[PDB]
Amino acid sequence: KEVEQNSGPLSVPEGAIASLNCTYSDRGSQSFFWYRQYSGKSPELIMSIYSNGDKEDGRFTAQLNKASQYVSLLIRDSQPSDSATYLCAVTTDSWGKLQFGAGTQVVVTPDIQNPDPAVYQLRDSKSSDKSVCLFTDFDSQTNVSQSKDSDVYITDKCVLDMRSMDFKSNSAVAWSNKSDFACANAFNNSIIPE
């Protein structure tokens, strides 16, 4: 038996529709489900569908097409707080045995209203001149490159959300143990700035 989802990670601009689909091989299947799993958390049931057509819940729409044997999930007016992995599941028993798809990571990237891309040097609070660099405030179209050096470390971008100001920002962190290393070098590899 086959339950098969789209492969990810899928990048979606804030405000657009994130979409996943799932095809299933067993034409008898009665019940279809979408579970959402935040990173390091458990799968949480978000949509159930049993009959052909559309079902709706807030910003979620599920569609079941029994003739073509797929279930979809549409996430309308996508929010960065929707960034998670979404898992198709299909019932395979007359008890309710569940078979899961492999899941698809959705990344909803924030709409950065006032881009101010900059790189900053941060100092250790106590530890005698230890060095970390922060790339922050760039737009969501911006790619961050691993400047492939042995001991220069660079994280993927991550999105923080200051609720008290309705302000999101992208950032990426780089560091190295004192190997001819300054913040000028750290990021440049991230393909073509402004």
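Quick note: we count residues from 1 along the sequence shown, nothing fancier.
Per the PDB record, of the two stretches 55-63 and 128-136, 128-136 carries the greater mean B-factor over its C-alpha atoms. When the mean C-alpha temperature factors of 164-172 and 146-154 are read from the deposited coordinates, 146-154 comes out higher. Listed residues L10, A16, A182, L20 were ranked by CA B-factor as deposited; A182 comes out on top. When the modelled residues of the chain are ordered by C-alpha B-factor, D93 sits in the highest third. When the modelled residues of the chain are ordered by C-alpha B-factor, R27 sits in the highest third. Among the modelled residues of the chain, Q141 sits in the highest third by CA temperature factor in this PDB entry.
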